[PDB]
Structure formats: structure tokens, C-alpha cells
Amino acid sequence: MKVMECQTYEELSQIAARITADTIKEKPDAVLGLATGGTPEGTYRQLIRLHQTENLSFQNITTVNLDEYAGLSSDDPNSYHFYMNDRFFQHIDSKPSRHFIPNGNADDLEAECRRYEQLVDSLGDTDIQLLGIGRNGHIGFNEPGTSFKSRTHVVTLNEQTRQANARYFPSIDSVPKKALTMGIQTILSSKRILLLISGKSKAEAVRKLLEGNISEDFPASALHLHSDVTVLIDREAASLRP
């Protein structure tokens, strides 16, 4: 694992956007695994900037997202479909039909997860997979206790995850209880992983990640088993490192 301390969130975002841009330009038909949440917001903003300042093209890219909340339609402002469209897809010259995200509003969520996993395989897996980290070490919505062999599946969100994400919802009662997520094995199949970590809320998770104990109780520890992981950590997130 390569760990890079960044002075600021803005520097983390610059470096992340550059690494993602590198993947896109080396392989214009790259498959990018993407993430939502607060952490990658700056990365998407900087990618869009590079679209202007460097004439960076997204025309032949395919993307797959980690996760989607169960029970939300694509037009719901709290869906990850909406997030990706608003923060990214609307601003780039991609082919819209090549952006894939699990359908949290499907009638049979188990079947949706099986089809999604099958799609990711058919794409040739991801060329790069962007990740964030939960306060509890989750990756995607693979909560503590998830098998490292897990594939895309329906999960019941831990209360800590609902507590963390409540900031984005009108009320605590609107925060979904379940989600669809790429599994740990789905993530580990990527050619390259880029884990982004920002802010004091993640400092305990950073400490656990860097201490290097490998176990299902801390999902992100699965990344110690991958051959090409880069972890970008800002100063605030690095404050409790061992």
C-alpha cells in the first residue's frame, strides 16, 4: 500500500483527479469505479476542471459506482444516481449509457445485485476503483463483519453509517436503512485502488488501517491484500496515525 499525506483537502483532490485522469488517458476505454459522499467532491470538481484546462476527454470511458441506497429512485435528490449526474456526468463528454449504478428501486434487489456483479465482470472489471472509508472502516457499504469474498449484495446499514450520512437528508427518519453495494471481492478485483481519506472524523479509521491488522471487523483492511493501492490522507485525517 502506498500512503501519501496531503497538506490539504484541495491537494488530495488535485492528486486524485490527476491519477484518475492518468487512467483515462492511458486507456480511453477505461472502466472507472467511482464513489459518492463528501470525500470525492473535490476530485470530481478538479476532473471537470481538467476537462477545460487540458481538454481531457471522457468520450470512451465506462463507469461503475460502488453503491446506491435501497428504495430511492434515480431522480431522488438523495440517490447516488442523482449525486453522480449532478457532480460529474452532466459536466463531461461521456456516453451517458456507459455510466452504471445499482438500481436501488428495482423490484427484486437480490436479482439486481446479481445482474450488477455480472455486468462488472463483463466490462473486464475496473481499471481503477475510487474508494472512501467509513468512520468504522467500511468500504462501499461493506460494514464490519463482511466477508472478504463478498460480491455485490443488499446490506443493512450500520447505525454509525446512518448517523454519519444524516447530514445529507431532510431528517433522520428519511435516512435509508438498506443499500446495494459492490462487495469486497468486487472491489479487490480492480486493477488499481485509490482510497481517499479526509478530515478528523476519519482519524481513528486511518490509525486502524495503518496499524495493519487484517480482519473482517475493519473492512478496509482487506486492501492490505491488494497489489496496487494508493491511499491519500489529509493532515486532519492523519492526526492519530500510529
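Sequential numbering from 1, following the sequence displayed.
Here 33-41 and 57-65 are compared by their mean Cα B-factor, and 57-65 comes out higher. Looking at 21-29 and 225-233 together, the entry lists the larger mean B-factor for 21-29, computed on C-alpha atoms. The residue among 120, 130, 84, 133 whose C-alpha atom has the highest B-factor in the PDB entry is 120. Listed residues 155, 101, 172, 113 were ranked by CA B-factor as deposited; 172 comes out on top. For residue 79, the recorded CA B-factor ranks within the lowest third of the chain. Only modelled residues enter the ranking.
In this PDB entry, residue 214 carries a Cα temperature factor that places it within the highest third of its chain's modelled residues. The entry lists a Cα temperature factor for residue 71 that places it in the highest third of the chain's modelled residues. Among all modelled residues in its chain, residue 126 ranks in the highest third by Cα B-factor. For residue 94, the recorded CA B-factor ranks within the highest third of the chain. Only modelled residues enter the ranking.
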